[PDB]
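A lone chain, given as structure tokens: the form deposited without ligand SAM.
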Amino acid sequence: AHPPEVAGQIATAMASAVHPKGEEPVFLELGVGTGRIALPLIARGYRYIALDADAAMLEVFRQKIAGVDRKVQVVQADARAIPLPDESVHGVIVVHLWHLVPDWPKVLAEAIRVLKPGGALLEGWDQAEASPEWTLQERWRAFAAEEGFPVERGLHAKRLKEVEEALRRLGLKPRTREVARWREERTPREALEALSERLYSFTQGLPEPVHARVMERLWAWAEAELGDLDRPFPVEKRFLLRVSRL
């Protein structure tokens, strides 16, 4: 959940990167999820095609855009096979997807196929600086390893680097820029909850009962080492937008 001003800044940078050459611009988002990224653009009158393979996600998304879905097309499909024509959209938005797909080279390939000449691939991602939340996540990973279930570290990053390689090679000249930087409050309770809810990919591989045991231990460790679990600490974040153009 991005603060209003930040959500606005990201949308603005995204709309600024699309040059529809006299035509009304249309964005396609791969992995729209619940529409955190989509809403700010949809709210501004932009034609939008929201794609997601998760039916439960689209259900929530349809609810959120109620009353502002006149120019929105909801699509349930795998990013691997976009049910759209070659050169049909001006911008393809990809936020936190690469590490979730089995074959990104195919997803990227599909994204490039549906983009019109002069169209732009728009990748975005959050980046947070060290804070007690980082401390808790690392502790979570340590405890998981102690249960005998060590977890993989930073697949998205490596994935983001390989896509970048491909883009340059394809001549899309990927330019990355910081489009927002802010600081929010986060309490130990909130970070622990996010962990409990298995919101992060690195927490979703362990069998349910192992995660339960790790959480029990983590909650106790936080009570012992983090003071008032309802006391806020700062978390500095920035949002990066990498634009590749045809």
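In case it trips you up, residue 1 is the first one in the sequence shown, and so on.
Not pictured, yet referred to below: the form solved in complex with ligand SAM.
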Worksheet item: Which one, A53, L218, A180, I65, lies within 4.5 Å of ligand SAM in the deposited bound form by heavy atoms?
Response: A53
Worksheet item: Considering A144, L97, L108, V89, which brings a non-hydrogen atom within 4.5 Å of ligand SAM in the deposited bound form?
Response: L97
Discussion item. Contact with ligand SAM in the deposited bound form for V101, defined as at least one heavy atom pair within 4.5 Å: yes or no?
Written reply: yes
Discussion item. Since only the chain is shown here, I'm wondering whether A79 would be in contact with ligand SAM in the deposited bound form (any heavy atom pair within 4.5 Å).
Written reply: yes
Worksheet item: Any chance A191 has a heavy atom within 4.5 Å of ligand SAM in the deposited bound form?
Response: no
Worksheet item: Would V26 sit within 4.5 Å of ligand SAM in the deposited bound form, counting heavy atoms only?
Response: no
Worksheet item: Looking at 180 to 188, 210 to 218, 34 to 42, 66 to 74, which lies within 4.5 angstroms of ligand SAM in the deposited bound form, counting heavy atoms?
Response: 34 to 42
